[PDB]
Amino acid sequence: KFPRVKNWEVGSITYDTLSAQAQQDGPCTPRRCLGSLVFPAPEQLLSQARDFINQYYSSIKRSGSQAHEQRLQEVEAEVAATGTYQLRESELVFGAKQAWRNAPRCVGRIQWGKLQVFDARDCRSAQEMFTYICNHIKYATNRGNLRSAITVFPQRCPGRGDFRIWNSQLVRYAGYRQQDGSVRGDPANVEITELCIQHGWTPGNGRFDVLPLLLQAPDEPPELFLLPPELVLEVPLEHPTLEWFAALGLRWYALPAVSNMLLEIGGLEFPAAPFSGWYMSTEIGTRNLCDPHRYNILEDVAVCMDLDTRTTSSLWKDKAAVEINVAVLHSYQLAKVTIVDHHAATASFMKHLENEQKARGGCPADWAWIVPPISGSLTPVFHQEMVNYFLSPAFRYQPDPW
Amino acid sequence: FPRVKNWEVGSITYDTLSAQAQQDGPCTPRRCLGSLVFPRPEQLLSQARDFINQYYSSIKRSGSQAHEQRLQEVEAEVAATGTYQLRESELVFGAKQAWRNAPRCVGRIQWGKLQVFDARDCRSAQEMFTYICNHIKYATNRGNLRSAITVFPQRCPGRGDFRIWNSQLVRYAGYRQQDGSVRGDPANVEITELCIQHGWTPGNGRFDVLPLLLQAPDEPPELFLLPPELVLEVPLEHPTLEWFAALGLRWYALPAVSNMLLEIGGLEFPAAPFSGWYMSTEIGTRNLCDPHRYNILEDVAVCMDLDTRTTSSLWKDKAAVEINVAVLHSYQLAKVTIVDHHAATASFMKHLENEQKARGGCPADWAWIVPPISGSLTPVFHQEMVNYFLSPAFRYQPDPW
Ligand code: HEM
Ligand code: HEM
Ligand SMILES: Cc1cc(N)nc(CCc2cc(CC[C@H]3CCN3C)cc(F)c2F)c1
Ligand SMILES: Cc1cc(N)nc(CCc2cc(CC[C@H]3CCN3C)cc(F)c2F)c1
Ligand SMILES: C[C@H](O)[C@H](O)[C@H]1CNc2nc(N)[nH]c(=O)c2N1
Ligand SMILES: C[C@H](O)[C@H](O)[C@H]1CNc2nc(N)[nH]c(=O)c2N1
Ligand SMILES: [Cl-]
Ligand SMILES: [Cl-]
Ligand SMILES: [Gd]
Ligand SMILES: [Gd]
Ligand SMILES: [Zn+2]
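Method-wise, the PDB entry is recorded as coming from X-ray crystallography, at a reported resolution of 1.830 Å.

(A) Main features of the domain arrangement of chain A. Residue and element names in this part refer to chain A. When cut into domains, chain A gives domain 1 (16-122 + 148-158 + 262-276 + 346-370), domain 2 (123-147 + 162-233 + 397-401) and domain 3 (234-256 + 279-344). Taking only C-alpha atoms, the centre of domain 1 and the centre of domain 3 are 35 Å apart. With six residues of domain 1 at the interface, the matching set in domain 3 holds six residues. Buried area between domain 1 and domain 3, both sides added, is near 380 Å², and the carbon and sulfur share of it is 48%. It is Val-107, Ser-276 and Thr-346 that lose the most area in domain 1 upon contact with domain 3, and together they represent 75% of the buried surface on that side. Applying the counting rule to domain 1 against domain 3 returns zero salt bridges. For the interface between domain 1 and domain 3, the tally reads six residue pairs in polar contact. Where the side of domain 1 that touches domain 3 is concerned, the elements lending two or more residues are β15 (275-276) and α9 (342-360). At three residues, α9 tops the list of elements feeding residues into the side of domain 1 that touches domain 3.

(B) Structural view of the interface of chain B and chain A. Taken together, the contacts link 62 residues of chain B with 64 residues of chain A. A buried area of about 5300 Å², summed over both sides, lies between chain B and chain A, and 61% of it is on carbon and sulfur atoms. Where chain B touches chain A, the interface holds zero salt bridges. On inspection of chain B and its partner chain A, the count reaches 26 residue pairs in polar contact. Secondary structure elements with two or more residues in the side of chain B that touches chain A: β1 (3-5), α6 (280-289), α8 (315-333), α9 (341-359) and α10 (366-369) of chain B.

(C) Spatial organisation of the site of ligand 6. Lining the immediate environment of ligand 6, one finds A:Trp367, A:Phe382, A:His383, A:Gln384, A:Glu385, B:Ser35, B:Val37, B:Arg286, B:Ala367 and B:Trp368. In this structure ligand 6 sits where residues from chains A and B come together. Note that an oxygen atom of ligand 6 is positioned 2.4 Å from one of the backbone N or O atoms of B:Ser35. In the environment of ligand 6, a nitrogen atom lies 3.3 Å from a nitrogen or oxygen atom belonging to the side chain of B:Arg286. Tallied by class, residues from the shell around ligand 6 come to five nonpolar, three polar and two charged.

(D) Fine view of the domain arrangement of chain B. All names here are of chain B. Domains assigned within chain B are domain 1 (15-120 + 147-157 + 261-275 + 345-369), domain 2 (121-146 + 161-232 + 396-400) and domain 3 (233-255 + 278-343). Centre-to-centre separation of domain 1 and domain 2, based on C-alpha positions: 27 Å. Taken residue by residue, the interface counts 22 residues in domain 1 and 17 residues in domain 2. Its largest share of buried area at the contact with domain 2, domain 1 owes to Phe-152, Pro-270 and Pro-273, together 27% of the area lost on that side. There are one salt bridge connecting domain 1 and domain 2. The closest approach of N and O atoms between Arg-155 and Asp-161, which form a salt bridge, is 2.8 Å. At the surface where domain 1 touches domain 2, the tally comes to eight residue pairs in polar contact. Every element with two or more residues in the side of domain 1 that touches domain 2 is listed here: β3 (115-118), β4 (148-151) and β15 (274-275). When its residues are assigned to classes, the side of domain 1 that touches domain 2 shows 14 nonpolar, four polar and four charged.

(E) Looking closely at the pattern of salt bridges. In this structure the tally under the stated criterion is 25 salt bridges over all chains. Between A:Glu269 and A:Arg396 there is a salt bridge whose closest N-O contact spans 3.0 Å. Remark: A:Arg396 occurs in strand β18 (residues 394-396) and A:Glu269 occurs in strand β14 (residues 268-270); sequence separation between them is 127 residues. The class for A:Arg396 is partly exposed, based on a relative accessible area of 26%. A salt bridge links B:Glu233 to B:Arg250; its shortest N-O distance comes to 2.2 Å.

Procedures and definitions
The numbering scheme counts residues from 1 along every chain following its written sequence, independent of the entry's numbering, with residues that lack coordinates not shown. Chains carry letters and ligands carry numbers; both start at the beginning, A for chains and 1 for ligands, and go up in the order they are written. Side-chain metrics rest on all non-hydrogen atoms present in the structure, leaving aside hydrogens and water. Segmentation into domains, and thus their bounds, comes from an automatic or database assignment. In what follows, residue pairs with any heavy atoms lying within 4.5 Å of each other are defined as contacts. By convention, the term buried area covers the 1.4 Å-probe accessible surface removed from two parts as they join, with the contributions of both added. Salt bridge, as used here: a side-chain nitrogen of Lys or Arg that lies within 4 Å of a carboxyl oxygen of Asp or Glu. The term polar contact refers here to a pair of N or O atoms within 3.5 Å; inside protein, the definition further demands a hydrogen-donor-capable atom paired with an acceptor-capable atom, and it admits residues adjacent in sequence only when both atoms are side-chain atoms. Going along the chain from the N terminus, every DSSP run of H or I of four or more residues is numbered as a helix, and every run of E of two or more is numbered as a strand. Nearness here has a simple test: a residue counts as near a molecule or strand if at least one of its heavy atoms is within 4 Å of that partner. Side-chain classes follow a simple rule in which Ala, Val, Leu, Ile, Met, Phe, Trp, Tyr, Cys and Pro form the nonpolar group, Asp, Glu, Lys and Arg form the charged group, and the remainder, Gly included, forms the polar group. Only protein chains enter the accessibility calculation, which uses a 1.4 Å probe; a residue is then buried when its area is under 20% of its type maximum, exposed when over 50%, and partly exposed in between.

Have a look at this one:
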């Protein structure tokens, strides 16, 4: 009645008992599995809040204490008087860490307890929101010694619109639809680029132009804010032994900072709560640079390497991709900017799974996102069966505000 | 009807074929178990009725005289005897369908070209061995490999089953040690000790071809030495790394799966070995580089003078690409059919487009379709897939012992 899970490299078997507590429902049925798809009232607020309060008082060894029951009654009474409730500062910190811990697609969760939580729930305007965001970027970047962080802006509440960051990440390169239909820059960012221009941004014409932030205060149009260039640390890409690689003029930014996800804690929703960590090298080298629908550099690099691109069996794509990933790792290490390779990251994720089996009886994990996009079966997570399910607190997708 | 998106091109399709999914799978709204290798009497007539309907739809003759006639016959056969017999053409159709329905098979663009050997009159283990031998010779074909399946007698109540105890027709010995380790293939330590147990004189090499354990109903298995010239093997060499040949690596030509159960129209065939040709990553990445298999990756990296002291040199990735190159070069030089993972996945994308217009979708298991190296460099990575069970099917079954 609890899923049995095998690791095929060692022979291990565990049972994921935590999955039986899964609090919301996913896309799969006994009919059909949809695991590979990218996108899968006071009483119900109270029951969500009650579960989270139970989690919080369990974590501090105060389950069933005087303070525990008091907090339950306080929330009950605030939901009856106001239709909502406010988290205490310690509850917010706990909830943000649990949301990361619970994120099935994150291979970086060995780190979940080391998260700096900035409380911006008093934020008042898009201009104050910008200042909070700049300081998050400065703290998290830390001159290349990256530190995980999240900034939480005010929750959704009755009577008011949302705070929203329109950008999908705090640092993103412009994607300029050009008139053939090609894109100069990042094709993933064509939409937000057009929105920025529409709100008064004077565009560039380079491949690596950092976009401005579009920031929305409750019941206000979004407002455009240019990031100070010295806050955006970037890494020019070179290769340790292919000297022509630097002449590609490729770059990437230090800080991966997701800004468009919804943070849900105890039934409360925080539509603006950007979080950042540090990159895994395959995110940059394999996906961002080599996806055919992104920068798509693979064939240019292969031609430069003198590989035989006329036949698939020469494995020219694999050879070129390896050297691009080498170039990313080398360049970030040379620049003294935190980066993790996919072998170290998946090894640390295996330790996380062992930690979590002891702590909670399992760990929600999405195999297709945990296994790296190159060298899959060379990493230990390939051979680990995984159980995917939804726990709260959680980071959730939400529709684009436009 | 699940909506399914390809993220490289941005196109959308709907898998309407999923709505007819039969034997339910392991996932629930509460938890997805898509990554698990093994998913967690008048009913015979329902499965035969549906399969006969499948048959006459495919030949554009549903609701015609031969269709109604065949419906009554299976009814009368089951009423009289409790089971029924497939016509030769239906057995051919069902074998091709079970391959077409195999969600984990990336090679399904070939599903229309399958040679079916009808062995339902087999009656002894010596008979099996001659059948298996005929299959291997036909399928190998001096290196110009041809997909094939041999269908041994169906399961029936009261009697025992035909079983092949080997997981494949060609396997290498796995010899345990004075200290746990293994000379040879660790995937086959269990069946190596069974062959030795039934009288097989073991060897001392890393690539000794195991004998066959063939089991006629209610008889203990019997060893059969495979004729050495029937087992086509490929010594592994690298096109430029001259020392690679000195590693003494070899693999065999024919991937022939001999432990799966073939289910057609409610009938069960526990002995129905099928074969095709290898995708290069199966040999170079999984069989040779998996930690619990031959685990050669670090030895190749030492010969390449790579820095094995830091994971961020990507020495594993570099060594693995060169192993896969050596596999492709060696099989092409030996004139033995093989397909690289780029070609195979591009053909699978074509297969998805064909199946979209033919049947309204295609059951596909993303984790098994995406190759074990260079995943996001292939188009299947960016293709959302829906996994579900149709019949006819190849199913897993308990090991016979
Ligand atoms: C500290 C280093 C971190 C590493 C190395 C890391 C690694 C990754 C990777 C490789 C992905 C896959 C995303 C993709 O392929 O586009 C991912 C997803 C994710 N990460 Fe982490 N991450 C880190 C920190 C964090 C932090 C600090 C948070 C939140 C506090 C977080 C939350 C998430 C979430 C919610 C996802 C899901 C993204 C989605 O569903 O699209 N991660 N992570
Ligand atoms: C002709 C070329 C073929 C290619 C290139 C090919 C390729 C593959 C690959 C790479 C797998 C992954 C399984 C694993 O790695 O464990 C697979 C699975 C499978 N193949 Fe094919 N195959 C071919 C022919 C066939 C034929 C002729 C049949 C049956 C008539 C077949 C039936 C299956 C089945 C049932 C599986 C599922 C394996 C499992 O779930 O363990 N294949 N195939
Ligand atoms: C904090 C952090 C550190 C590291 N290393 N990587 C990441 C992943 C980047 C990341 C990327 C995406 C894009 C996914 C699909 C869904 C919408 N988009 C088209 C969606 C995320 F939610 C996310 F988080 C985050
Ligand atoms: C005909 C054909 C051609 C090619 N190229 N590849 C194959 C796949 C080989 C193949 C391999 C396995 C091992 C999988 C795990 C599950 C049990 N075992 C430990 C299980 C199969 F069922 C199978 F078929 C077949
Ligand atoms: C269609 C498929 O689900 C999609 O490409 C997924 C697969 N696995 C992934 N894994 C990670 N880490 N990131 C991704 O964007 C994706 N994309
Ligand atoms: C744990 C995981 O599901 C398991 O290792 C699967 C993953 N995908 C696979 N894909 C193929 N083609 N063959 C395999 O054996 C596996 N193994
Ligand atoms: Cl990114
Ligand atoms: Cl194999
Ligand atoms: Gd050089
Ligand atoms: Gd040397
Ligand atoms: Zn599922």
